[PDB]
């Protein structure tokens, strides 16, 4: 791709390193570290996530982070794709990529923490279920990720590692697709022939759906991921319905796991379908609408 070579609109993206208050670490990789920070005037004060290139990084590592920055800029804006807010690329400090901060963390861990705080739907008095998750929340998250993937697809992208661990949750129940840089999430064609396409991302989306409606459980419980797993997968064996799913959502997972990639729904069809399911669920209770 050589994305690092793309023109850089510094007036639009460059942020002064001295306008950042660096905080607690959020993660680390071969590239360096990601830390939480407060930025002033990146749009006031706003909390952000900063991916920083380690000192003494190799040329390939440096090139890789710059590439990621240019790719994020190329992709463009979408509510459900982690928002790039700026970068620090000029001399005087490390290369830094700045994104919005999602306070609730990854979806897998978050959902897991709400297992004792979930009900299919609230009933008045609703304060008995304050901050509880409901089927509406779960369908909503599913819908948003589909919207985000439909967007990435429209921009000719292939995610390749779609999973709950790569989805962050921000305020107002808005989720963001990320790629922090996965056999249980791979389509058969990917496992056996290393083939990656938007349709294999759909298969992974199906696993993500299972993760969502199991409230953060690990895929394929009780199964060792080995040649026997691959044999049975290719044969048609699929995960059973998760504990918090609806019949419609489970069939959607099955659809996403069709053996033939061309027969799996497209993200556009998933957006349509999940949107309808969400609307039906959101307007179902007429209690407050007399």
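Positions refer to the first chain, counted from 1.
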Handout entry: Between residue 181 and residue 182 - deposited residues without coordinates, as a size class
Key = 10 or more
Fill in the blank from the handout: Per the record, the count of deposited residues between residue 43 and residue 44 that have no coordinates is 1 to 3
Problem - 133-141 versus 114-122 - which carries the larger mean C-alpha B factor in the record - result: 114-122
Problem - Entry-level comparison of average CA B-factors, 220-228 and 25-33, reporting the higher stretch - result: 25-33
Fill in the blank from the handout: Among 89, 199, 83, 173, highest Cα B-factor in the entry goes to 173
Fill in the blank from the handout: Entry-reported C-alpha B-factor of residue 11 relative to its chain, by third, is highest
Exercise for the section: Could you look up the Cα B-factor of residue 274 in the entry and say which third of the chain it sits in: lowest, middle or highest? Expected result: lowest
Practice task
For residue 156, return the chain-relative third of its C-alpha B-factor as stated in the PDB record: lowest, middle or highest.
Solution key: highest
Handout entry: Chain third (lowest, middle, highest) by recorded CA B-factor, residue given as residue 127
Key = highest
Handout entry: Entry-reported Cα temperature factor of residue 195, expressed as the chain third it lands in
Key = highest
